[PDB]
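Overview (structure and organization)
Letter by letter, the chains look like this.
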Amino acid sequence: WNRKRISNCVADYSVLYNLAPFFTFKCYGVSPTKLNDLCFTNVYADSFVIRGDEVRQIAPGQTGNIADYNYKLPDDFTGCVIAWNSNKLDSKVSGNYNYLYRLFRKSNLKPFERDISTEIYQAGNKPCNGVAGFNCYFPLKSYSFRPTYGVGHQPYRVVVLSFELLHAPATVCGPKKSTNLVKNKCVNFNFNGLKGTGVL
Amino acid sequence: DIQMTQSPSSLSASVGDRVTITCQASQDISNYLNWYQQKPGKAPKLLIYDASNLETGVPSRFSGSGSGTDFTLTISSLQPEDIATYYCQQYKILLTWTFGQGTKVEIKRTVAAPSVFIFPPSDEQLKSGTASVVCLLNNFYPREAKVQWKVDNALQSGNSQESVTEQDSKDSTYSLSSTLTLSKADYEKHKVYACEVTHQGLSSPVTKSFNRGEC
Amino acid sequence: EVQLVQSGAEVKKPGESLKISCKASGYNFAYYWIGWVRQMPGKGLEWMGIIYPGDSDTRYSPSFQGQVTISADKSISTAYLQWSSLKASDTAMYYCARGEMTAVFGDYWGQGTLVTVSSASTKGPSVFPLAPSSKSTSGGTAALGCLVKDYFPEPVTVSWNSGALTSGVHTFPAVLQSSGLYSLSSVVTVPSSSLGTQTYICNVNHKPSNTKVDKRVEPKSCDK
Amino acid sequence: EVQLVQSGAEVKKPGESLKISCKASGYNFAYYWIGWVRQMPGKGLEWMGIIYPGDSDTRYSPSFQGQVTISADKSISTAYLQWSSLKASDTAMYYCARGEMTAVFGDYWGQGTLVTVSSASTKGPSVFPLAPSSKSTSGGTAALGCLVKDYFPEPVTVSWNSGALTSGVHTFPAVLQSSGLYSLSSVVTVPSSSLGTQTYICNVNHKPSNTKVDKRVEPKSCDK
């Protein structure tokens, strides 16, 4: 799965509404409406594509066929998850085989980790010794996508965000404009999302 | 914004040789390239649709490779049936699309003497009010064919018409038809008219002349 | 088996409107993409827009947003490219192509469509013949042909016999000439043995005004 | 009214592949269920599997899980049976049936297809005539017909006067001979004089050896 780093920019989260009617748009820890009124330090964005029914598995505190070995959200995650249908864009009439899914591995993974090893899964009692065969399976498999399939198997594009919440010099937030500075009077103030009243 | 560059703008070679071409980009774009060929005519054609993957229905004289921003295409053995236009293009945004600039190819052939023919004016042009000196050249190489005119053995320059085609894959030639056009009162006022032809492959430039009385 | 069919050429004047169409068949039309490409002589290619007629959706280039319109009908399996207003710098060739997002584009392309717009008016062509004379080749070959220098706009269609010969026919690219006009010519080669019985009833058809002009030509000489 | 269609019988080598289609028409194909049934001659039957198009739903019998494949196409309304690797234990006949889950599951059926796997080769059948005596026998009207000698394998088609003769015909089913081949005979009864004014001839066609043989029957003399 691919990830991207975003910093030193002015955001505008309303434009996301320009898209088609979504299938999943949820957030944990922050109400999505007022996202424009908070400033952030660094932004990490992950993207990938999942089968239609298994989009539910992108959720904290649950297990599944992907959460076991591929993508593991920490139990204290705060951020937003977006998922929208892609049958219109990622299907060939002849059937497309260019998407890989993990099937077997010894044990689960800690959150925010990756593994692309090609070691053979020793399912059987015999020592495979690096030889493919019976009870020595190839770790990866391929999905299928046809335009006439049902919505239950149509492809879905999913993106995950992540936040940091003002624990450092912030770099990214909305287009709110500044003003001149006044002191020695009783004034209401707002510094980087920290609001207060008093005298400076 | 994304901007491409191609190199070199043009080159020429002969049969049975290796040829190469380079396409460059301002930032890494992760092997989402393809190349298009378009011979003088109508339909551009798809040739290679990935970094090193070729479309079916094309023989195996082509290859190419690249990544990051460095990308090269090459033909191992040139063949005479390859005279066309080439381009490289890219894609990473859903819609931000652009082609490159252009690469020109020309063939090498042994220098050959031109074949020259003359055509006489017709009665219809005499009805229209003009006169033409149709001088036809064909089967010559390279392009250095020059035609001038002499009217009553005088010196003329510039005022004329010409039509030359592209290179012919069979014989490297550029079929040419040139004409000095005058009016009637500029036609019967004088006697002789001559096309002077100069070409490096010729032993010497030759002037072909005719008198008005020969009609 | 996939084929593309287009509407014919067109000439107009600034201040008007125009529409073009592209049609295909031989596959499930609803499950692919259609795109338009502009090409003006002397420059390279440049993308215009795409569409997915299966479910109406449009996208546009940064350099042509809000200038042209794209639509389609899935009942007759056709795509329409429509304008609103015309100006003087939009003379170029237009291409419709069929593509698939995941793997490959441009596996097939249309035959190409032409457009011309200007403030002038079309002028009827004047065809002029020429035939082999007594100055023919000593080996035996000879050449006949036609010349046009009084017509606008282009292209033009020329044939020599009832049908133009399947071989030995040639033409020369048109060049502009200094009356705001253009000119071109075409020729055909023939041996003497075939010339003993062959005559050329040469005809020219021309889109700008559509007046087929035909006349019979046979080899001549300079006799006294 | 509705109609259903299958394909003819096949015989294949070990290790080959195979593909069968069942076609139907008349009703709305998208709102019913299609099922398959196997029969091995001389014994009982057993179910194969069922399919529902539109939703692309498939359901497989216990024994045959993962050893076949069932598909459908709604554009041409067909059911497609696909194997993986043919096996010598598959000589049987297959059907295709229309069914609804709630109330009735045997509305209308098809014709059935024969499949055989063998490593041997076919043998061209031959036919000989059996004729009544020239003089009337004890029965007044005497027997007549034809005999098909050793051949392999099934099936074989026969006709008389292009099928014009079908009343009163009786045929013995083929049985294995000690030579390892198959033989049969088909006979009728006719008067002895009914062979000169008009003709009786049988035609035998063998699909595995795709051959056609003709044999006419004429009165036989009392030879000794």
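Residues numbered from 1 in each chain as written, not as in the entry; some residues may be left out. Chains lettered and ligands numbered in written order. Part of a larger assembly, values for the part shown. Heavy atoms only, no water.

Determination of this PDB entry was carried out by cryo-EM to a resolution of 4.1 Å, according to the record.

**Side note on the environment of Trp 33 of chain C**
Take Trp 33 of chain C: it is sitting in strand β4 (residues 33-39). On the accessibility criterion, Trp 33 of chain C (12% relative accessible area) is buried. For the pair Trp 33 of chain C and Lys 19 of chain C, spaced 14 residues apart in sequence, the C-alpha separation works out to 20 Å. With residues near it in sequence (within four places) discarded, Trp 33 of chain C still touches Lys 88 and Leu 89 of chain A together with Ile 50, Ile 51, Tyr 52, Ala 97, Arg 98 and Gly 99 of chain C. (Helix = DSSP H or I, 4+ residues; strand = E, 2+ residues; numbered from the N terminus. Buried < 20%, exposed > 50% of the residue type's maximum accessible area, 1.4 Å probe, protein only. Contact = heavy atoms within 4.5 Å.)

**Re the interface of chain C and chain B**
The interface is formed by 33 residues belonging to chain C together with 31 residues belonging to chain B. Buried area between chain C and chain B, summed over both chains or domains, comes out near 2900 Å², and the portion from carbon and sulfur atoms is 70%. In terms of surface lost to chain B, no three residues of chain C exceed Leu 45, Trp 47 and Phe 172 of chain C, which account for 19% of the buried area on that side. Inspection of the region where chain C meets chain B yields zero salt bridges. Across the chain C-chain B interface, the total number found is four residue pairs in polar contact. Elements with a contribution of two residues or more to the side of chain C that touches chain B: β5 (46-51), β6 (58-60), β12 (127-130), β13 (142-151), β15 (169-177) and β16 (181-190) of chain C. If you tally residues by element for the side of chain C that touches chain B, the top one is β15 of chain C, at five residues. Broken down by class, the residue content of the side of chain C that touches chain B amounts to 17 nonpolar, 11 polar and five charged. (Buried area = accessible area lost by both parts, 1.4 Å probe. Salt bridge = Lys/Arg side-chain N within 4 Å of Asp/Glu carboxyl O. Polar contact = N/O pair within 3.5 Å; in protein donor to acceptor, adjacent residues only side chain to side chain. Nonpolar A, V, L, I, M, F, W, Y, C, P; charged D, E, K, R; others polar.)

**Observations concerning the arrangement of the chains**
Counting contacts across all two pairs of chains that touch, the top-ranked interface belongs to chains B and C. Separated without contact, chain A and chain D have their nearest C-alpha atoms at a distance of 6 Å.

**As for the state of the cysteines**
Considering all chains together, one arrives at seven disulfides over all chains under this definition. The residue that forms a disulfide with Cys 39 of chain A is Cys 173 of chain A, at a sulfur-sulfur distance of 2.0 Å. Here the S-S torsion is close to 55°, and the disulfide linking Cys 39 of chain A with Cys 173 of chain A is therefore right-handed. Residue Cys 39 of chain A is located in the loop between β2 (24-28) and β3 (43-50), and its partner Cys 173 of chain A is located in the loop between β9 (156-160) and β10 (187-191); the two are separated by 134 residues in the primary sequence. Accessibility expressed as a relative area gives 24% for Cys 173 of chain A, which makes it partly exposed. Here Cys 23 of chain B engages in a disulfide with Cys 88 of chain B; their sulfurs sit 2.0 Å apart. Judged by the sign of its S-S torsion, about 85°, the bond between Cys 23 of chain B and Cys 88 of chain B is right-handed. Residue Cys 23 of chain B is located in strand β3 (residues 19-25), and its partner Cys 88 of chain B is located in strand β8 (residues 85-90); the two are separated by 65 residues in the primary sequence. Sequence-ordered numbering of the bonded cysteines in chain B yields a pairing of 1-2, 3-4. (Disulfide = S-S within 2.5 Å.)

**A word on a nonpolar patch on the surface**
All names here are of chain A. Taken together, the side chains of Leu 181, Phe 191 and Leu 200 present a nonpolar region at the surface, about 310 Å² in accessible area. Tracing the backbone shows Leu 200 in the segment after β11 (194-198). Here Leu 200 falls in the partly exposed class, since its relative accessible area comes to 47%. (Patch = residues over 30% accessible without salt bridge, like charges linked within 9 Å, V, L, I, M, F, W, Y side chains within 5 Å. Areas by Shrake-Rupley, 256 points an atom, 1.4 Å probe, with all protein chains shown as cover.)

**Observations concerning the UniProt feature "disulfide bond" in chain A**
Residues and elements named next belong to chain A. Per UniProt, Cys 39 and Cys 173 form a disulfide, and the coordinates bear that out, putting the sulfurs 2.0 Å apart. With a relative accessible area of 16%, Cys 39 lands in the buried category. Below 2.5 Å lies the sulfur separation expected of a disulfide, and the 2.0 Å found between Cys 128 and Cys 136, a pair UniProt records as linked, sits within that range. Residue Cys 128 is classed as buried on the basis of its relative accessible area, which comes to 8%. (UniProt positions renumbered as here; feature names shortened; annotations may be inferred.)

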